[PDB]
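Quick setup: one chain, the form deposited in one PDB entry, written in structure tokens, and binding and motion questions come after.
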């Protein structure tokens, strides 16, 4: 089995797993929609009670499985719980990352397409004060790129450029993955992460210089870091905060587990896990938090910025920020730097989300790395046509896999590891080889607090939020639901085939 070559490489790869579009696109919107500073208390609390403990659990499960030649959850769940149902539950650890890959790589490709166009100056040009005369050209720019519907049909019409750029993006992902763990992902991480940090810091500095009749970037920071204890009672904010924690730390995606499966059996995971998690949070709250929101508030004031944030998930990052930059000298190049940053952030995350499928094909079906990477790319590429052409298909996948799925799977993996496998055995497995030990208190958090926190969260979520979605959606949501259910059935069949190959193999040995 492959192993990470160096401790630094392991850390930067894991940090690259985490630090993604979620830090720079998702976090600012989530925080802005939820009162800014009012979002941060629940967010910090979720990091401590969910983010940290689950991170350690996934590193431990991955390392544990890797020692026996397994990196994905169908096998790993079965090692922890010798029951047919463990294998079936384990399928979600292949299904979630596959579905997420299907829309995440597409969005990643947009950032590359925008970077290219901004670099070469093929961008819109607003009419030099109206907040709409400047924004409209950038809205139309995004709409033409991805092909937003102009009529009644729920169909998207992406530009030829966007389509070719997606192909290029897939090629770049494959070029890294095909080289494997140490020579591919690890080597790229050592180049991408420092680049990512430098670009982000530069952008923060530039944004911090923004001042208009409507305010300064300082006003944006104050909105984000001023608590509102009257929101600590709103369940919606807690759900948002926990959802962001999962998404941001790559928890429940099967991605941390698979990376950790390449950590040597004896190697520390306590300090490494904590370090990766902490690096992500710094990139999120300090870097991601200090770019988009302050820029928007500086130019539009808080009320308008919040309204922009609620407007859509991509409005702030693909329309508003570049429009704001365009009002400044060298703003087109600043736009390039922003999208280049997003691309490297996306890329280091997308190689992580496709590795579980690759590991399963290698580990369980005994495919060569070459074949495993290429077939994985093929399935993602083919499937992405749904997200490229059917309006709101992206939203549907992001809901079932990237939102509900990850939280559900997080609770599942914790129950299996800390309840079925054995709390004391799990505790011992986590700490084994630790450069530091996990604080004793976290034993009771993991065993009692985290599961109960998530269980209540999911129930409240399910009672007062989900029914609206099932009842109040356009019929086309069923196209995406049908397809991703088929994907689950497909992966279940592959797990079945893996069992049969193993049985026939043992009969020969």
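Residue numbers count along the first chain shown, from 1. Basically, rigid core = biggest C-alpha set you can superpose within 1.5 Å across the two forms.
> Counting only other entries that model residues on either side, is residue 312 absent from the coordinates in at least a third?
It is not, since residue 312 is included in all of the other entries that model both flanking stretches.
> Of the other PDB entries for this protein whose models extend past residue 471 on both sides, does at least a third leave it without coordinates?
Yes: coordinates for residue 471 absent from at least a third of the compared entries.
> How many residues sit between residue 128 and residue 129 in the deposited sequence but have no coordinates: none, 1 to 3, 4 to 9, or 10 or more?
Missing residues, residue 128 to residue 129: 1 to 3.
> On average, are the C-alpha B-factors higher in 42-50 or in 480-488?
Averaging CA B-factors over each stretch, the winner is 42-50.
> Averaging CA B factors per stretch from the PDB record, which one is higher: 402-410 or 77-85?
Looking at the recorded C-alpha B-factors, 77-85 comes out higher on average.
> Could you say which of 257, 134, 242, 105 has its CA atom at the highest B factor, as listed in the PDB entry?
Most elevated C-alpha B-factor of the set, per the entry: 134.
> Looking at 173, 320, 212, 383, which has the highest Cα B-factor in the entry?
The record points to 212.
> If you rank every modelled residue in this chain by C-alpha B factor, which third holds residue 27: lowest, middle or highest?
For residue 27, the deposited C-alpha B-factor lands in the lowest third.
> Which third of the chain holds residue 461 when residues are ordered by C-alpha B factor: lowest, middle or highest?
Within its chain, residue 461 is a highest-third residue by C-alpha B-factor, going by the deposited values.
> Thinking about Cα B factors across the chain, which third does residue 71 belong to?
Lowest third.
> Quick one: classify residue 443 as lowest, middle or highest third of the chain based on its Cα B-factor.
Middle third by C-alpha B-factor.
> Taking the chain's C-alpha temperature factors as the reference, tell me which third residue 113 falls into: lowest, middle or highest.
Lowest third.
The discussion below concerns the form deposited in another entry, not included here.
> Core aligned, which of 147, 236, 331, 422 has the Cα that shifts 2 angstroms or more between the shown form and the other one?
Among the listed residues, the outlier is 236.
> Is the shift of residue 37 between the shown form and the other one large enough to count as movement, that is, does its C-alpha move by 2 Å or more after the core is superposed?
Passes the 2 Å threshold, so yes.
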